[PDB]
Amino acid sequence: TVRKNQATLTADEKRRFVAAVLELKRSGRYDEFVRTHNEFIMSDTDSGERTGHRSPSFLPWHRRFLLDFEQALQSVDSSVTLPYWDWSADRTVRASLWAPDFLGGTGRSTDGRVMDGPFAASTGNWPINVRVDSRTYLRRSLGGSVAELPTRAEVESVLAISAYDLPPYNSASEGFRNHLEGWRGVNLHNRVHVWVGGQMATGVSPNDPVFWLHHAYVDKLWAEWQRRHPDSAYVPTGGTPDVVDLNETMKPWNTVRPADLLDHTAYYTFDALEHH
């Protein structure tokens, strides 16, 4: 299984990916991924139990969530893998990602409605069901709520951080995980969610298929981080209330630990991953 930069997919890889995603939506399976993510968004808290976000397990949790989603895609079309969006390189509204043959573009100014692409409400193929904002069409405002996506130099400044995570292991932390997640510093992953806007800015952000491509690149950056820091590893490593320690199991699956997910090569590789 090779996860490819979206910018490099062939026309029929894009076609096969879109059709598999639309089939997961048609069959009812897609929306439960949205629902699971919103439940963790609403429950993960800086002062209490936290698993999916604002905690060290943010990265293995989304790695396992994406694996579950990729496996569902492969149950529909076994050739499909999750592509990633390098938002540091493909940083404008004119990137091929946002073309009508892939994800469609930005939303119109009146209501943020996406008007083209296979996920446009007008297609009849992408109902927004799991939602908080009651409107039922995909919305985006690319670059509307924040000026720019992160740059390569900003990502490198985060990759150079040696400590995986640090007490108090939450949104206030110093350390790589929280700088990648974005609650502190120049802000990588949160800022991308805000830049897309629409459902991507909300707890039901997997309503937008770009969610997967964003998190596949966040996931790649953890891999890059490991190769930059082969001497550094997941923390904490035991006895931390409310935080998932290295060998502790993770909700909602319960049958997998951060430890099981540190090496992605047991599950997939990337098209390219710099050796250390």
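Don't overthink the numbering: it's just position in the shown sequence, from 1.
In this entry, the higher average B-factor at the C-alpha atoms falls on 162 to 170, of the pair 162 to 170 and 185 to 193. Remark: stretch with higher mean C-alpha B factor among 136 to 144 and 103 to 111 is 103 to 111. Comparing C-alpha B-factors across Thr36, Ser27, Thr249, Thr51 in the deposited entry, the largest value falls on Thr249.
Of the candidates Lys220, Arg64, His229, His214, the PDB record gives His229 the highest C-alpha temperature factor. Placement of the Cα temperature factor of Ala266 within the chain: highest third of the modelled residues, per the deposited record.
Per the PDB record, residue ranking by Cα B-factor puts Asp68 in the lowest third of the chain. Annotation for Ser96: C-alpha temperature factor in the highest third relative to the rest of the modelled chain, per the entry. Sort the chain's modelled residues by C-alpha temperature factor and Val204 lands in the lowest third, per the entry. Per the deposited record, the Cα B-factor of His179 falls in the middle third when ranked against the other modelled residues of its chain.
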